[PDB]
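Visitor: Under UniProt numbering, read the sequence shown as residues 1 to 196, first letter to last. C-beta: ideal position from N, C-alpha, C; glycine also. I'd like to ask some things about the structure below.
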Amino acid sequence: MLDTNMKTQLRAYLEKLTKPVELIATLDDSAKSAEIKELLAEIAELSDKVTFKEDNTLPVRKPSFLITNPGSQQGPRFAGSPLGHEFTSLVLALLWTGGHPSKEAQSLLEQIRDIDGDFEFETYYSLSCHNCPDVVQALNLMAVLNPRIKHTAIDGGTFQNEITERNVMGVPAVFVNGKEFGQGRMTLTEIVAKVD
């Protein structure tokens, strides 16, 4: 759950939101799903710009949630727990989706917006992985900027079966359209060059 520090800090960052943001969860009856429901609930009462709804009908991992805008189905998705060292990645995702500008250069943002082609990214991370945030943040921003670019950040502690199934030996582990894309540290600029 959100610890006092996280909650207070989250309340502070969410003042930066300028547009309404929706957290759309897809849950099952598991205990992990209850944790996510309780977390998204706490996040939503920290700001009047954030609404927590669920649609447990979508063919996606459970539990997981979409970060988007009302009347939209575009945005990054977190499957499993978004805390640990990914708390910052969550914060940024909510900010960006809420109108707060990325700190990146404008021409890079544009190159991302102009990427042609459809890409479905999946990034496995662990809550204690210190080098996972930057990769998760890079791919989240790209999904916020280009609707043709999708990203699901997967907590390997909630989807353990996928870790051995795909033979993930370390994190972050990134896949694109079902195939291995890269592992370990990578910058946004290095990622855009590979897919551009």
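So the candidates are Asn146, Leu83, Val60 and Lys150; which of them puts its Cα closest to the Cα of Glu38?
Guide: Residue numbering aside, residue 38 sits at position 38 when the sequence shown is read from its first letter. Out of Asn146, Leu83, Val60 and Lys150, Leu83 has the C-alpha closest to the C-alpha of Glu38.
Visitor: Go to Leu108, then tell me how far its alpha helix (DSSP H) extends in each direction, as first and last residue.
Guide: One-based indexing of the sequence shown puts residue 108 at position 108. First-last of the alpha helix (DSSP H) with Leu108: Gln106 to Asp114.
Visitor: Quick one: residues in its chain with C-beta nearer than 6 Å to the C-beta of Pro20, no 5 flanking neighbours on either side, listed in chain order?
Guide: Residue numbering aside, residue 20 sits at position 20 when the sequence shown is read from its first letter. Cβ neighbours of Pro20 beyond the five flanking positions: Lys49 and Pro70.
Visitor: Out of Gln111, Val174, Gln137 and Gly80, which has the shortest C-alpha to C-alpha gap to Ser30?
Guide: Mapped onto the sequence shown, residue 30 falls at position 30. The candidate whose alpha carbon is nearest that of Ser30 is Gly80.
Visitor: Whole angstroms is fine: what's the gap from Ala25's alpha carbon to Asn5's?
Guide: Here residue 25 refers to the residue found at position 25 of the sequence shown. Here residue 5 refers to the residue found at position 5 of the sequence shown. Those two C-alpha atoms are separated by around 24 Å.
Visitor: Could you give the residue range of the alpha helix (DSSP H) that holds residue 199?
Guide: The question about residue 199 has no answer here: the residues shown for the chain are numbered 1 through 196.
Visitor: So who's on the other strand from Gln9, going by DSSP bridges?
Guide: Walking along the sequence shown from the start, residue 9 turns up at place 9. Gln9 pairs with nothing; no bridge assigned.
Visitor: Count the C-beta pairs between the segment 176-192 and the segment 143-151 that are closer than 8 Å, then say yes if the count reaches three, no if not.
Guide: The answer is no - the segment 143-151 does not touch the segment 176-192, with fewer than three Cβ pairs under 8 Å.
Visitor: Per the contact definition of three or more C-beta pairs closer than 8 Å, is the segment 97-117 in contact with the segment 155-165?
Guide: The answer is no - the segment 97-117 does not touch the segment 155-165, with fewer than three Cβ pairs under 8 Å.
Visitor: Of all the alpha helix (DSSP H) runs that stay within the bounds of the segment 56-135, which reach a length of 4 or more residues?
Guide: For the segment 56-135, whole alpha helix (DSSP H) runs of length 4 or above, ordered along the chain, are 87-97 and 106-114.
Visitor: Do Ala153 and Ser107 count as a contact pair if the criterion is CB distance below 9 Å?
Guide: What you label residue 107 is simply residue 107 of the sequence shown in a count that begins at 1. What you label residue 153 is simply residue 153 of the sequence shown in a count that begins at 1. No, the pair does not count as a contact, with Cβ atoms beyond the cut-off.
Visitor: Starting from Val176 and walking both ways along the beta strand (DSSP E), at which residues does that stretch end?
Guide: As a position in the sequence shown, residue 176 is number 176, starting the count at 1. Start and end: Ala173 to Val176.
Visitor: In angstroms, rounded to a whole number, what distance separates the CA positions of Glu180 and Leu23?
Guide: Sequence index remark: in the sequence shown, residue 180 carries index 180 (1-based). Sequence index remark: in the sequence shown, residue 23 carries index 23 (1-based). Taking the straight line from one Cα to the other gives about 28 Å.
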